[PDB]
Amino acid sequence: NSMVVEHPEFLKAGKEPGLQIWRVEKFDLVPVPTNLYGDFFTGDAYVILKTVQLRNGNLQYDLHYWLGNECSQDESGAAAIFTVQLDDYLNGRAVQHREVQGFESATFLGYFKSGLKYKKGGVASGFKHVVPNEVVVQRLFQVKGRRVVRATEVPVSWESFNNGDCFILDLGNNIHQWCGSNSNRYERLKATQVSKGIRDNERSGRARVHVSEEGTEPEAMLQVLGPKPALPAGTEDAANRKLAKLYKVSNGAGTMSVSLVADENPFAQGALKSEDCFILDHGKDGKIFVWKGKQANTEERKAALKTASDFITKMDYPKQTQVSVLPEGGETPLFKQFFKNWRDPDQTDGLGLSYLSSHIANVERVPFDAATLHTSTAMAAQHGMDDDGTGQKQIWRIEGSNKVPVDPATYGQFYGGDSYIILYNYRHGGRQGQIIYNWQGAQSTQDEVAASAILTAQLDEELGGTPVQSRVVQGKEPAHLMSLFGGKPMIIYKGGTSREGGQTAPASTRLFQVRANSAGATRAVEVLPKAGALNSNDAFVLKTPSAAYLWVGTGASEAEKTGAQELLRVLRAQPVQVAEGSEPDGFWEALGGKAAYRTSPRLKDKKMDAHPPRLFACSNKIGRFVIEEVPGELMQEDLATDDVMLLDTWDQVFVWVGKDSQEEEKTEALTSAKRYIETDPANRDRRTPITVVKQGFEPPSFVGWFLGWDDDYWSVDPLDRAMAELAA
């Protein structure tokens, strides 16, 4: 028998986007009924194929296998086997995931946003997944977790209960949802999904969800559980993110040994040879990766999962540690970010990259258009532009502990010796909002940098606590800030001061980098006058006592050319146009010789593919900084009013502060972002802009990342809503 006859579900999954789940039953793959996706037997293992459509129309595969806690070695064996052999039928191009009950990957978790159910039983005890009528049930689920929401089947007893969690006592025609007196309001909201899911999927709409809390339990509940005793209380990353090591493997074709190849990230991409397999160990953060070179032998590549196991044992890591195997050419963004500038040899041509993260597979890529920007929060988000930047603005320089108004004639020029506050009014949709930019010169004195931080916060306070607050550090201006100065470029000088006090004298030979954005606005950044500071993508202006050069890189467009000559006007010099590759030698001598610089192009449109937006909740309690990734598609729902969240684009880190989060959390908003940035395994630029945003006053460049954003969402308490209209 063929396999495509016999697993025709496999044919569809191989050919259509969607999700397919089989349960391993006596060394066979048996489809799980669709409306039960999310239900898992704790004594079994399963195989999960997610098929994503790529944008060029091609299909991309994530294979996961999932082991329950009461799984036999032989069950998990089969699951591993099918995983390897399925990847085989898909021409070695799938990404493989080992997933363990309780600690499955953020990717895995994202497939099930009604949540997971972990049921008692398995094949060995004669249990199946089966809907067809005839339902005499008596089950108890403990619902636990805030973003990751898991419902675990537990003994039908008050001993199973506690004050801090939610419980569902499934009784067939009637589902009883119960909430601990110490259960937080957001957790109850989540538990309602589970209940509703049991009503809709398992009881085909026809059953009553009855909801209650301690002291108000129904007769039905009291009848099966007995009279209620006193219950106990509840049981709910760090700086283990930063460090990772890379290893070469010898023998999956025999017995495991490994060599250290890099002891600190970021790693050199060239360390990854095709003839071999490598392990990237991030085990202290709960994850390891296996990378298969396209040239490693078959014995080797088909033994990847086994190799991962051995490594976890050899290093004495927890058994629930996550494992990912990746084929050469099919690396995931999280993998590639461990390396110095990942360049996949082709990829400026083509739509997309190595991998499309499942959680943005749906996002329609909208190009930049100033005239329709005011209509597209999608475009706002995708381009980091809250508006076209032509609205009213005030600019101050910090002198001592005061805001001093900058000369309106010089709006656009910023000195590295100073620190600035720009107050900006933006307009998008039909609604108005405010942004306060805090620009910190690389040479500004600590007293003044700090003064500008405090003054920023005080301006926000007195503008009613609502403006967006954005810290930017010299040389890393966010896209929107550049676009605030008519058609002129934002000019940034290495380090003088514009204050009345003390004008200085300009340096003898000065080099400026002129970089443009999606919107065509440019910024000219003064840099060290060395050839090693050159870039093929941008225009450059070099000023020497002798003359003035306007060097135009082969990547540079019209916008960069025109931006550069507007700067030449400011410097009061006369340009000498000079194309890259064929330059007068008076130029090369002005830079002190010719060394090598950067030629490889920038990601531009593919930035989103390489670095999809990721949402985290973060927390300080215990004097320990802890973060939790929220899995799957970014939803407004995921923004809990008693939380401080982080939306990480690549270019910026938004921190969202909920109205009901704690004081220390709200005032640590900035430091939290800095800590998230400091600890990232990618070695993020410490200058990365941070933008603090308030619940109910989010800007377009933020809301535009969540499809389904509704502005009245918070007017009625979220839990009060879900109570009535969603359930019964």
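Counting begins at 1, following the sequence as shown.
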{"item": "Unmodelled deposited residues between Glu236 and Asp237, binned", "value": "4 to 9"}
{"item": "Mean temperature factor over C-alpha atoms, higher-scoring stretch between 158-166 and 561-569", "value": "561-569"}
{"item": "592-600 or 110-118, whichever carries the higher mean Cα B-factor", "value": "592-600"}
{"item": "Identity of residue with top Cα B-factor, from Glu75, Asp585, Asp460, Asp88", "value": "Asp585"}
{"item": "Residue of maximum C-alpha B factor among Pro506, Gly416, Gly330, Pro631, per deposited coordinates", "value": "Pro506"}
{"item": "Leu719 CA temperature factor, ranked by third within the chain", "value": "highest"}
{"item": "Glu25 - Cα temperature factor, lowest/middle/highest third of chain", "value": "lowest"}
{"item": "Third of chain Cα B-factors occupied by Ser452", "value": "lowest"}
{"item": "Third of the chain, ranked by Cα B-factor, where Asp605 sits", "value": "highest"}
{"item": "Where the record places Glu663 (Cα B-factor, split into thirds across the chain)", "value": "highest"}
